[PDB]
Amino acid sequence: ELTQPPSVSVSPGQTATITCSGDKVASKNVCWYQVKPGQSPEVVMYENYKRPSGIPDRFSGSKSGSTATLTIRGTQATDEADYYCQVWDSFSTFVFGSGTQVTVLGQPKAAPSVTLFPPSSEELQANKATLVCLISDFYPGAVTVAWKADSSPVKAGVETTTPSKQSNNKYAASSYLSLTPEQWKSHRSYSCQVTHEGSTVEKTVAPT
């Protein structure tokens, strides 16, 4: 896989560097695509450093290596997009990056408010358990939710949403953890963990 920094945020003046740093990375050729919602994706760099037709000079970058970098100087607002890197593979033909979300404020960063609800007794009487993590009032709209049973991470029964713009011009998102009542009652605590920017908020509920 070709790993990339999940989110990159930048003030309208400064510059932004994005890394594709996988395994092959990729013995020479790398390409970058810009993706905006409901819009057709498009190339912004190929081979390593070549800028296609209609690309302002601020876009740039190349391999170290083994790691390609896309660098955007004097970052404009219309450059807010999800960027993906891509290489050719002998077997898989095409291998893409993990994607990076370049947000470009915008407005001052807002820290997320996390609100965790334990399963209702009613739901437990319906032989269902669901932990509700409500994240709100955060900017930019790129977070990372992780669930913990006691201390062990949890990957099963997790369903998180895509952050939505609010009326506050801020973002909100929810994450749900599904459990059997037996699971819920057998562990000592569950925890919703929300990483926004460099900071994390870990709420925790317990069966009582």
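Residue numbers here begin at 1 and follow the sequence given.
Between 170-178 and 64-72, the higher mean Cα B-factor belongs to 64-72. Averaged over Cα atoms, the B-factor as recorded in the entry is higher for 53-61 than for the other of 53-61 and 37-45.
Between the residues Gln183, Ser27, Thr144, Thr161, it is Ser27 that shows the highest Cα B-factor in the PDB record. Per the PDB record, residue ranking by Cα B-factor puts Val8 in the middle third of the chain.
For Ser90, the recorded CA temperature factor ranks within the highest third of the chain's modelled residues. The PDB entry assigns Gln193 a C-alpha temperature factor belonging to the lowest third of its chain's modelled residues.
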